[PDB]
Amino acid sequence: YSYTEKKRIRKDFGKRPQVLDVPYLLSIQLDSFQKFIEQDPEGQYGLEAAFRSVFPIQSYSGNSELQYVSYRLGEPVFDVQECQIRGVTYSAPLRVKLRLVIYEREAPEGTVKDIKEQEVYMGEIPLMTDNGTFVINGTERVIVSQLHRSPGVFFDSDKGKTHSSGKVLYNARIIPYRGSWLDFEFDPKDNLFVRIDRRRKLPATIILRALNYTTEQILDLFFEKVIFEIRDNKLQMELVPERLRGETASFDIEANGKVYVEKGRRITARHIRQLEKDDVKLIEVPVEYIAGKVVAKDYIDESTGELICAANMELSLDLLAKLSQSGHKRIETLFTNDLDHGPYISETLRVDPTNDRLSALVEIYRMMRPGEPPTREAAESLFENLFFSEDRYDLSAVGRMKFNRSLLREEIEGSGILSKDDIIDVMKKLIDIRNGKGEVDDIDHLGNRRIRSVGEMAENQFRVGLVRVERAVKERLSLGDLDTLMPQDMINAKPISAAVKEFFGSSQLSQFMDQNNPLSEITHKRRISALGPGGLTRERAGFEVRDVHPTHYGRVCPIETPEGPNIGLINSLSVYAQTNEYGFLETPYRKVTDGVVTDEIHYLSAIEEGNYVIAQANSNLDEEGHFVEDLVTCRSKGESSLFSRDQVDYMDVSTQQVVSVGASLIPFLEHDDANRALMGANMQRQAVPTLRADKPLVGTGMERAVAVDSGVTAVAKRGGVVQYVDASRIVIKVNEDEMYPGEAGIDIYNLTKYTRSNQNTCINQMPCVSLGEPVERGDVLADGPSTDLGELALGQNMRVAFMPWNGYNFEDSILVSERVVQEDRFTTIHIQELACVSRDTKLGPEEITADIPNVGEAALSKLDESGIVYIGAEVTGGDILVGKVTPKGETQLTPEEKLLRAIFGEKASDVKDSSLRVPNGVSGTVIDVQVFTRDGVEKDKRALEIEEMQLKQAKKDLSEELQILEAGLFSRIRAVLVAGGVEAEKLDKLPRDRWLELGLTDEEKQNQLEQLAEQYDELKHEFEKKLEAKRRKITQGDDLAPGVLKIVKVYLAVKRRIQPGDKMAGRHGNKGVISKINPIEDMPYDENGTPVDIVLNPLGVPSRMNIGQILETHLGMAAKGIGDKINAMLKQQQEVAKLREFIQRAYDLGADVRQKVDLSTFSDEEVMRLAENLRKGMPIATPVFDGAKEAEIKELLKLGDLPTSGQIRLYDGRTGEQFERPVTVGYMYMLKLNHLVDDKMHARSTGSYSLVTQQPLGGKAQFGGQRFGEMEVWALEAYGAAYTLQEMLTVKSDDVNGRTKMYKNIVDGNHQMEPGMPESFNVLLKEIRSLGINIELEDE
Amino acid sequence: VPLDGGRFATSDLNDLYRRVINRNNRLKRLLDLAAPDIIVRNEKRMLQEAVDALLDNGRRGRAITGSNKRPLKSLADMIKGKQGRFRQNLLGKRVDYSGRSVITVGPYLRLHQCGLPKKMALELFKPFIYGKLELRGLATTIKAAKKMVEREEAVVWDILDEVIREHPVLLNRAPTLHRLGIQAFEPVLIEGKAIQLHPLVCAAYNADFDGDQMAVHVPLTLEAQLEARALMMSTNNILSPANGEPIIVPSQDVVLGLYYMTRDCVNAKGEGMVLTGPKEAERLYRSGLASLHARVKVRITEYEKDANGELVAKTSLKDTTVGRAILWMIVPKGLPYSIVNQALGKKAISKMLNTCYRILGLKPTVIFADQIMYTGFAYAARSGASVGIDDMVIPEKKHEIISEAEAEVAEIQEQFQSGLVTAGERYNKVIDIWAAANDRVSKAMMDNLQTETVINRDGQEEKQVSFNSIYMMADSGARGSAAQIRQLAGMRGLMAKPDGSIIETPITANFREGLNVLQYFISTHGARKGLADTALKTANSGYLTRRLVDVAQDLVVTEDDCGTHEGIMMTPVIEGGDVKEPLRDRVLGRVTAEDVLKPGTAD
Amino acid sequence: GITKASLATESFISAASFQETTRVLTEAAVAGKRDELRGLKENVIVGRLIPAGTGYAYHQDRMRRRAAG
């Protein structure tokens, strides 16, 4: 077992052996962005693809072109941490080698007239942190993946558009990655159409007329030929038997002197085999039968040279006679069956008014650019640039792949330009689907939906920037000078940087990280949205998109999704899901060969899945790997049934493969309704990290992964033995073999103490190791905000009893004891930021100073000399935090103030106070002050003090850094030197720098000694050089906004405690607003006088069907029960052997549990440490759909000598008499949500008023008033209360004279209203009057 | 106007206005330079376009966009739409003297009372406090009164309790679907930050305590105070305005308390003794000498409003239980004992409130509703009603039903392969046999729950109605129904595919055994269907309510009698066997169009 | 229909309040209309007392004063 696991082993009730360990949970973000950067040599991705896509740029003439060579990412100015403090994007410079070649236009290709190579700077690109995030403007943002319609061709068909017709009508759509959509469709009269750029409908064949296709070629392409021979007697027709399906004989078919089909009957399939066996070639056809058929090609009068019958025209008797007259002895017609080969292209050609290529191009032009008189070259260029230009059209690799998949073509790759073959094939397959062979595609299928991650949208935005650049580069290359133009001259970083900086900071998909919890982070990074650019809209989204789809199984979670207006659009990646090289989700499966369930794992997409038959993870297996049941439950073609054991192709990997990471942490998920599982998964994210983190007694074994893979903890980079643990750093001395040859082998982790999160919570880290104890690679060295020894811990477990209590648990209310508030176990720290900016006004600079007018020494007691609070000062609402006073000018006062100031002789100062003070209702402890000053403004005294302290601590930190590293290095030197010459007196008494030139026997000893002499050289160079670098960074100025002289940021730290109103919840979707903090002596108490921490309603469970919370409760009471046994063994100081026996008995308990832990291999110290960690209750793992069963729960309850019914006799706390019938009591894990009533309570009597409408709207301290909407106006109209309404319209909101007059009346003690007319009404009158419409008020 | 950062903020009209003037000015210049009339024509086109974009950018074929690249907001776009002046700043406004907060239960409250945090009431009633402090002389200066209020002296709190007495305050919860969604309570100052709501008034608000928030509005003027006291006060609104039924229905914990107390058992402590009234029934229960529900003979003296509204006292020796005798002490005089001599689920409680209203009036009904609430909460807590995993009992004969249906579907498969049945016919038949097996399992569980209790009587078994926690919670009407219980213990029936197609095979497991992976995945389709349907169903209902209100706004009762002739002719709706609605419910309260005669004519 | 009937109101402020504001206002302009503020909505807009419930007694005073000039 692992070191961090040998100290607290969670008992696992899983039964199915796990065969694939969960992947790194953030690989989507990391892999995507690493594609976006890392230099692709060949298979263009990311920056290389964008450059090769735009460059080279040829000038409009061809005299010169701008050429691309390579790119390189410079080092970021400041690290992630420095950017957080300074508030600046964590980016890296992009530096692109470029070449300007200039050709001579006299000589043919006189290339060497000018060659000009120069590295140019274009844009900065933000970099991803090691945890899948970006530090943009100091705030940590996440860009969520996108699920969009994969590029390619989609055949759809709407049913009942013309509802009177009730006729399904089809359409095909070509959606390129970049470019113009192309939409073929039918219409109720079976007429094909093309809708370019959602413009007007055009007869579809017109597009073919734009591609050099004459009517003969069109009909040669789309139809099938029927041959007529005028064989000297009445229209002998060559017959192909297979064309004779499903027809009626309107004349008697006779060949070889034999009548096969009798006239008047239906042609039958027996007749067709008759004709095939008889090998009939030719049948006589009557001349009246041809009056309906249509001629294929265009037949001329070859006797004279004139035309007879135009192509695609219906033959008649006279036309047939004329054709026979002119020596035409072979005739072609079109096979137009009403069943299988409809006359679609023929009818469309017939309704098409165009007759040649130019007229079709002109029609295209007039549809695309209506009003503009088209020309030859304009029309030709427009149509060619539509689809056949590589710049304005890209189907992309995925697009060409999906296109050929929906065209059954063989080659995966191709070209991003539409061909003629492609439009022809799309038309042909749409015609097929109209006929009946093949069928439409469904859009919700996850083989037609694709994931665009951060690397790919970033690449797209970078390419858009490069286009913006190439415009002006072409403009400058065509006209401007040549020999005096370096490439650096003609590039502008602004257009490129603006594009990338708009995506990373202002995109809909680029959004503030949810940092309420380690789970909330790690599930914001696995989100998958269907909004933003190229996505849907929450109000124009349908129903088919929202509902689950059978292909979501293993790719997207069915449970976790917001339950507001974003119900189905936003959803979370499943646990084991991945993305193909084309962006399609895929899920692992064990291959099955010969019944045996193999160990090798194939990732199947959503399309290569369907045709296989996939067994389930619940299906039992034997040692060999064979199934046990004969009829294994499997699913195939998107639907499930029972199959044989040898008919099975694949198996699922784990029973948690269908759920996401947040729903994988709910225990007993299978016992809860999916409505409550949805709510539980959603609320589990908002849990606030409490003061002390406590493991869940019942978890699902997935907590360790969510904690270690969030990067909220400090995992060891390499093994070794801890050298120095501190509250704020862990120095670990690496093992010998894990140590690279040249370096000291000391890893230093600087834990991040109390730091604001995005949500004003506390990101704190606490070492969980002890000095001088071994550690291995991957071992958690420091807990995070909401972890506990490496396991996630979003909330705390406490004694819940399910029973009503005097109406204090009515309708989801929670009755919480007071022993829960005394123990400060749901107390949360809330760090807050307050900022005061000193600005240059037109009346002069504003000053931050202690001397504040109209304020006594009372308030100024806490400010230091420069006017900034001390660190540690416990402030309360209203206390001054920094003293800022602005220049003030002539204040027009009233004669009475004139008299007042001229009597007491007190003229107010010319300086107004705008000092920053704590917002009302807030207490706290100033824990940090940061001062930012321009580069050019003198630093006040406290800025200098802060600068000195930070400089000194930084210098000391670097000194300790190098001191520890070189101490370990001198240890390495001594260790190598005890080999090959051990010296006692001379070797130690020398200062350790006495090896810079001294030499000993030539082995690896002196080799390392010379290595470390060079290390002396360049590491002194390092020490002083980069120490001066940090000194410069510390003392350098700041790029503040224009007009800002200095900014002071003060960091309170509130400590919020439970109170009535704070929403709590559990993992099973059972919310609750705490109703009463009940005294300890009143809680229902057990038979041993131990009271009950929380009392929950039993009427919440039945109609909600979250039975899990019951089972969990029972299991919790089992787990804690075991702890008590162990507690009574450690408090009675019983031998390690007695504890080992009992603990071992407590692990090997389940039916046939997967886990087996053998305590014979633990040393007695390890057993005692494990027992110390279990004495608060033995934690238990209950995997999601492989849980623990009531048989095992009750064996556990019997192990801890508890009531196997899981339900005890509670006595009342107040009257002391037993509750009549037993109550269920056990430890349920509760979470304090983010809905703290401190933040939700708000009130207002009077305050700010908006500017235009003159109606309540504050927000800074006192927020805007309560909106009294239309529905409430209806309610008051219903009551008949006209006066309450009138005051809520005029004097409470808009009536200015009214509002102030009535404040005066209230203060006088007279409650009366003098209402006028609201401001918004006569604002409306002005706005209507400004439309030239004379609206007035007909006075009396 | 200048924003903080030194940047300015301008209303888009300025930009639009600028274009007009610019173009107008250019035109004034061209007419002086005698331009080629092509240029003057173009200038006039652009002037027309600019004025059009000013008056209505949208209606103008191409919408002018500013530097943001999103379209500019023209004049017509400000007086129009949901965001226009009309709908957003002129019919519904932001309002002073108004706060909001999370709500919690005050179960000690009376129907006309709402908890109100001290801080919120201090901030809402601030000018009242200023005036009162000046009046008492405690602060002869408004400026120093503000100082006293901010310092929060201990005299401010006394002034606050003096100013808040008899001052009703309107509580609101959005969405306000009906007029009982904004009710005037009378504040009680509490130490906290969460409003406290009387439980009985949650149903009207549709308020539950899992994070809901309520807005508090203070009626300032004196007419507003009398309106909130006489029209809106929570004790005036006990009858719904849609139907006449009460809306002070004891909801869920109180109803389980009443049901547990007014129930009975075969042989329990105090079986068949005689009690001298309800008071020693309470004494026996408290002493622990008789169980809350144990059949007993008690003498009771019930009253009855005879002709001339006088309550005649008649006493007798009823054959009741201890619990019903205890509860008779809270029941008002004028009501019969029959109202208490029953199991008393939710329907019975609401109907006894109806009888109290109809016989006695509003004041006794309000007092009675409060007393019912207190005694229901009290005795629900005395019970110890929980929910264990053993309270959901799987029928011991569910496995065989399942296997029988498995064999039947196998047989119908063999009759499909043999060609005897078609695909569509196999479907309806197999769906029918699955529905039949589901109903058999439902019957089996409801027979193993509702009455399984076998109780000794004189040594011999006597089965009665069960005391199962889940059965009682379903039976009293507190929470749940036979459907949810069915999903808890019996198999949870057939699910539907996202197209409405009932999945051929059903979910044969339940929540006590837990679903399979596929069974859970199938359940999810219906879960999300229902959830998204609920999300998108509220907007349609809101639009319907809005359209209805804007039709019906200006209709008010304007006379006493138009002196009209007959109107509608009213008859029960009997659609075949079912008498959908009777005459009493279709005629109660209306006024007869003309004289009505008995079966004996001309009477 | 309810929406048509609510738009076929004789008062252009009530009609303009909720649907087709542009169309209603244009029609009222070319009609030279006037509304006498009788519906609840009209009086809610101009901040007056609605002619229902408690405002009824007030508004009938205005009716009687309209009777005598």
# chains A, B, ... in the order shown; residues from 1 in each chain; ligands from 1
call {"tool": "residues_around", "arguments": {"residues": "segment 48-58 of chain C", "least_positions_apart": "2", "cutoff": "10 Å", "atoms": "only C-alpha atoms", "output": "VMD selection string"}}
result
(chain A and resid 1276 to 1287 1289 to 1290 1315 to 1318) or (chain B and resid 223 227 231 554 to 558) or (chain C and resid 37 to 46 60 to 63)
call {"tool": "select_by_dssp", "arguments": {"residues": "segment 227-335 of chain A", "states": "helix (DSSP H, G or I)", "output": "PyMOL selection string"}}
result
chain A and resi 241-244+269-278+289-291+317-325
call {"tool": "write_last_selection", "arguments": {"atoms": "N, CA and C atoms", "output": "PDB file, in the first residue's frame"}}
result
ATOM      1  N   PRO A 241     -34.457  -6.460 -68.329  1.00  0.00           N
ATOM      2  CA  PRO A 241     -35.527  -7.046 -67.506  1.00  0.00           C
ATOM      3  C   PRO A 241     -35.627  -6.447 -66.119  1.00  0.00           C
ATOM      4  N   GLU A 242     -34.492  -6.158 -65.482  1.00  0.00           N
ATOM      5  CA  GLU A 242     -34.526  -5.698 -64.101  1.00  0.00           C
ATOM      6  C   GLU A 242     -35.164  -4.325 -63.950  1.00  0.00           C
ATOM      7  N   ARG A 243     -35.366  -3.589 -65.042  1.00  0.00           N
ATOM      8  CA  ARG A 243     -36.077  -2.321 -64.953  1.00  0.00           C
ATOM      9  C   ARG A 243     -37.580  -2.508 -64.803  1.00  0.00           C
ATOM     10  N   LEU A 244     -38.073  -3.745 -64.843  1.00  0.00           N
ATOM     11  CA  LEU A 244     -39.504  -4.007 -64.915  1.00  0.00           C
ATOM     12  C   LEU A 244     -40.139  -4.261 -63.551  1.00  0.00           C
ATOM     13  N   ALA A 269     -42.987 -10.757 -60.191  1.00  0.00           N
ATOM     14  CA  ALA A 269     -41.588 -11.136 -60.114  1.00  0.00           C
ATOM     15  C   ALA A 269     -41.328 -12.464 -60.810  1.00  0.00           C
ATOM     16  N   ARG A 270     -42.322 -13.353 -60.833  1.00  0.00           N
ATOM     17  CA  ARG A 270     -42.212 -14.565 -61.635  1.00  0.00           C
ATOM     18  C   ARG A 270     -42.052 -14.228 -63.107  1.00  0.00           C
ATOM     19  N   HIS A 271     -42.806 -13.240 -63.582  1.00  0.00           N
ATOM     20  CA  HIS A 271     -42.632 -12.777 -64.949  1.00  0.00           C
ATOM     21  C   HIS A 271     -41.210 -12.281 -65.173  1.00  0.00           C
ATOM     22  N   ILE A 272     -40.625 -11.604 -64.185  1.00  0.00           N
ATOM     23  CA  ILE A 272     -39.281 -11.079 -64.394  1.00  0.00           C
ATOM     24  C   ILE A 272     -38.264 -12.206 -64.484  1.00  0.00           C
ATOM     25  N   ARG A 273     -38.358 -13.213 -63.608  1.00  0.00           N
ATOM     26  CA  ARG A 273     -37.479 -14.364 -63.827  1.00  0.00           C
ATOM     27  C   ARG A 273     -37.748 -15.059 -65.148  1.00  0.00           C
ATOM     28  N   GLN A 274     -38.999 -15.084 -65.604  1.00  0.00           N
ATOM     29  CA  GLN A 274     -39.260 -15.636 -66.930  1.00  0.00           C
ATOM     30  C   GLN A 274     -38.471 -14.890 -67.994  1.00  0.00           C
ATOM     31  N   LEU A 275     -38.564 -13.562 -67.980  1.00  0.00           N
ATOM     32  CA  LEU A 275     -37.859 -12.750 -68.964  1.00  0.00           C
ATOM     33  C   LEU A 275     -36.349 -12.915 -68.837  1.00  0.00           C
ATOM     34  N   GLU A 276     -35.850 -13.095 -67.612  1.00  0.00           N
ATOM     35  CA  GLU A 276     -34.409 -13.242 -67.423  1.00  0.00           C
ATOM     36  C   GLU A 276     -33.916 -14.595 -67.923  1.00  0.00           C
ATOM     37  N   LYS A 277     -34.644 -15.670 -67.611  1.00  0.00           N
ATOM     38  CA  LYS A 277     -34.271 -16.991 -68.103  1.00  0.00           C
ATOM     39  C   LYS A 277     -34.351 -17.050 -69.620  1.00  0.00           C
ATOM     40  N   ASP A 278     -35.390 -16.447 -70.197  1.00  0.00           N
ATOM     41  CA  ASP A 278     -35.558 -16.442 -71.641  1.00  0.00           C
ATOM     42  C   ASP A 278     -34.599 -15.493 -72.344  1.00  0.00           C
ATOM     43  N   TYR A 289     -47.607   4.495 -76.821  1.00  0.00           N
ATOM     44  CA  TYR A 289     -46.974   4.417 -75.512  1.00  0.00           C
ATOM     45  C   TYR A 289     -45.899   5.473 -75.325  1.00  0.00           C
ATOM     46  N   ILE A 290     -45.411   6.067 -76.416  1.00  0.00           N
ATOM     47  CA  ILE A 290     -44.285   6.983 -76.355  1.00  0.00           C
ATOM     48  C   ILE A 290     -44.734   8.419 -76.159  1.00  0.00           C
ATOM     49  N   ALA A 291     -46.044   8.667 -76.156  1.00  0.00           N
ATOM     50  CA  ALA A 291     -46.544  10.032 -76.046  1.00  0.00           C
ATOM     51  C   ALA A 291     -46.241  10.643 -74.686  1.00  0.00           C
ATOM     52  N   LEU A 317     -46.653  11.691 -80.922  1.00  0.00           N
ATOM     53  CA  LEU A 317     -46.768  10.997 -82.199  1.00  0.00           C
ATOM     54  C   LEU A 317     -46.102  11.786 -83.320  1.00  0.00           C
ATOM     55  N   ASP A 318     -46.356  13.093 -83.381  1.00  0.00           N
ATOM     56  CA  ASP A 318     -45.797  13.908 -84.456  1.00  0.00           C
ATOM     57  C   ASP A 318     -44.285  14.032 -84.326  1.00  0.00           C
ATOM     58  N   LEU A 319     -43.796  14.270 -83.109  1.00  0.00           N
ATOM     59  CA  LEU A 319     -42.356  14.355 -82.908  1.00  0.00           C
ATOM     60  C   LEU A 319     -41.688  13.033 -83.241  1.00  0.00           C
ATOM     61  N   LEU A 320     -42.316  11.923 -82.856  1.00  0.00           N
ATOM     62  CA  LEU A 320     -41.787  10.611 -83.205  1.00  0.00           C
ATOM     63  C   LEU A 320     -41.736  10.424 -84.713  1.00  0.00           C
ATOM     64  N   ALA A 321     -42.793  10.843 -85.411  1.00  0.00           N
ATOM     65  CA  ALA A 321     -42.807  10.745 -86.863  1.00  0.00           C
ATOM     66  C   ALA A 321     -41.667  11.551 -87.468  1.00  0.00           C
ATOM     67  N   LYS A 322     -41.477  12.784 -86.992  1.00  0.00           N
ATOM     68  CA  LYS A 322     -40.411  13.627 -87.522  1.00  0.00           C
ATOM     69  C   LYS A 322     -39.043  13.011 -87.268  1.00  0.00           C
ATOM     70  N   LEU A 323     -38.835  12.459 -86.070  1.00  0.00           N
ATOM     71  CA  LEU A 323     -37.561  11.822 -85.757  1.00  0.00           C
ATOM     72  C   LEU A 323     -37.310  10.623 -86.658  1.00  0.00           C
ATOM     73  N   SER A 324     -38.352   9.836 -86.925  1.00  0.00           N
ATOM     74  CA  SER A 324     -38.204   8.709 -87.835  1.00  0.00           C
ATOM     75  C   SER A 324     -37.890   9.180 -89.249  1.00  0.00           C
ATOM     76  N   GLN A 325     -38.466  10.314 -89.659  1.00  0.00           N
ATOM     77  CA  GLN A 325     -38.251  10.809 -91.015  1.00  0.00           C
ATOM     78  C   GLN A 325     -36.795  11.177 -91.268  1.00  0.00           C
TER      79      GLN A 325
END
call {"tool": "closest_atom_pairs", "arguments": {"of": "chain B", "to": "chain C", "cutoff": "10 Å", "atoms": "only C-alpha atoms", "output": "Markdown table"}}
result
| residue | atom | partner | partner_atom | distance |
| --- | --- | --- | --- | --- |
| B:56 | CA | C:22 | CA | 9.5 |
| B:76 | CA | C:22 | CA | 7.4 |
| B:77 | CA | C:22 | CA | 9.4 |
| B:79 | CA | C:21 | CA | 7.8 |
| B:80 | CA | C:21 | CA | 5.9 |
| B:81 | CA | C:21 | CA | 7.7 |
| B:82 | CA | C:18 | CA | 8.4 |
| B:84 | CA | C:17 | CA | 9.5 |
| B:85 | CA | C:17 | CA | 9.1 |
| B:86 | CA | C:17 | CA | 5.6 |
| B:87 | CA | C:17 | CA | 6.7 |
| B:89 | CA | C:45 | CA | 9.4 |
| B:90 | CA | C:45 | CA | 5.7 |
| B:91 | CA | C:45 | CA | 5.9 |
| B:92 | CA | C:45 | CA | 9.2 |
| B:223 | CA | C:54 | CA | 9.3 |
| B:227 | CA | C:54 | CA | 8.3 |
| B:231 | CA | C:53 | CA | 9.6 |
| B:544 | CA | C:2 | CA | 9.8 |
| B:546 | CA | C:18 | CA | 9.0 |
| B:547 | CA | C:3 | CA | 6.3 |
| B:548 | CA | C:2 | CA | 6.8 |
| B:549 | CA | C:6 | CA | 9.2 |
| B:550 | CA | C:6 | CA | 6.1 |
| B:551 | CA | C:6 | CA | 4.6 |
| B:552 | CA | C:6 | CA | 8.1 |
| B:553 | CA | C:40 | CA | 6.3 |
| B:554 | CA | C:39 | CA | 4.6 |
| B:555 | CA | C:39 | CA | 8.1 |
| B:556 | CA | C:52 | CA | 6.6 |
| B:557 | CA | C:52 | CA | 8.5 |
| B:558 | CA | C:52 | CA | 9.4 |
call {"tool": "closest_residue", "arguments": {"among": "A:88, A:1074, A:285, A:863", "to": "residue 1038 of chain A", "atoms": "only C-alpha atoms"}}
result
A:88
call {"tool": "closest_residue", "arguments": {"among": "B:404, B:123, B:310, B:575", "to": "chain A", "atoms": "only C-alpha atoms"}}
result
B:123
call {"tool": "residues_around", "arguments": {"residues": "residue 438 of chain B", "least_positions_apart": "3", "cutoff": "12 Å", "atoms": "only C-alpha atoms", "output": "JSON, numbers by chain"}}
result
{"B": [398, 399, 401, 402, 404, 405, 431, 432, 433, 434, 435, 441, 442, 443, 444, 445, 483, 486, 487, 489, 490, 491, 492, 493, 494, 505, 506, 507, 508, 509, 510]}
call {"tool": "select_by_dssp", "arguments": {"residues": "segment 952-1143 of chain A", "states": "strand (DSSP E or B)", "output": "PyMOL selection string"}}
result
chain A and resi 1044-1056+1063-1066+1073-1078+1085+1091+1094-1096+1106
